[PDB]
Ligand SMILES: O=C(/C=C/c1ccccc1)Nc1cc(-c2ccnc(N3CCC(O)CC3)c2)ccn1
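Listed next as structure tokens is one chain, alone, in the form solved without the named molecule.
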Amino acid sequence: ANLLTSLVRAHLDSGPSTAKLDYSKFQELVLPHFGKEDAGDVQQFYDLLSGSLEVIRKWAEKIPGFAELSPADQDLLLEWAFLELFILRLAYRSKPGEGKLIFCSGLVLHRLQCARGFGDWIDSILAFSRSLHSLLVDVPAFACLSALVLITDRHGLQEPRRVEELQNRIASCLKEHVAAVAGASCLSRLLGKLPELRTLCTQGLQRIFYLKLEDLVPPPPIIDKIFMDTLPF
């Protein structure tokens, strides 16, 4: 399974091992003033989004065939999938049974430590984490499903058939994996969680809208561009 192996490898290299989990800012209990934020909460919010986008862009460059799509198409796919991938990956790696968010750099933060920057959104992502975890999606299936989040039709693709071919290829790889484990239907079960995920993408845009309104610190330009480019209207 050579595409599968490459996908797994790209996934594992885009995230921290248990070895490299960074507890240096983690606090088991903080006492926040809920419903408000300060500049450092907002900057950290954006820094975490920024750091994830860089990691995702490197992950994507490892999905065989992706780096040969047009540069515009690469950028388009990445922007339209970014928040969904940030959420899905964060949920898959976090430990909601401990209130722990684990970000792609290895940084661990307690839910209470994310409350001011993220608002309600982080408590919602942790709920989806529990929902996702109860499906018991294995790493290779996740490696495929995450790639399929990114490699998908989008309005404005220059070469939509080449994206569709790559989507076909990954979906076949996934099908062959789930057969091999079995020795198509949990799929239905997993797709049942998609509305929760979509709602979460929306909530992310809602949070960024609010923070832009408030403007304690501006979003970094690359995030701001994703926000603006993905607003239908």
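When you see a residue number, it is the position in the sequence shown, counting from 1.
Another form, the form deposited with the named molecule bound, is not on view; read the next lines as being about it.
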All of 30, 33 and 116 within 4.5 Å of the named molecule in the bound PDB entry, heavy atom check: no
The named molecule: the contacting residue among 112, 107, 137, 127 in the bound PDB entry [heavy atom, 4.5 Å]: 137
Verify the contact flag for residue 220: yes if a non-hydrogen atom of it lies within 4.5 Å of a non-hydrogen atom of the named molecule in the bound PDB entry, no if not. no
Examine residue 122 and determine whether its closest non-hydrogen atom to the named molecule in the bound PDB entry is within 4.5 angstroms. no
Are any of the heavy atoms in residue 161 no more than 4.5 Å from a heavy atom of the named molecule in the bound PDB entry? no
How about residue 17: is it within 4.5 Å of the named molecule in the bound PDB entry, going by heavy atoms? yes
Within 61-75, the residues that have a heavy atom no more than 4.5 Å from the named molecule in the bound PDB entry: none
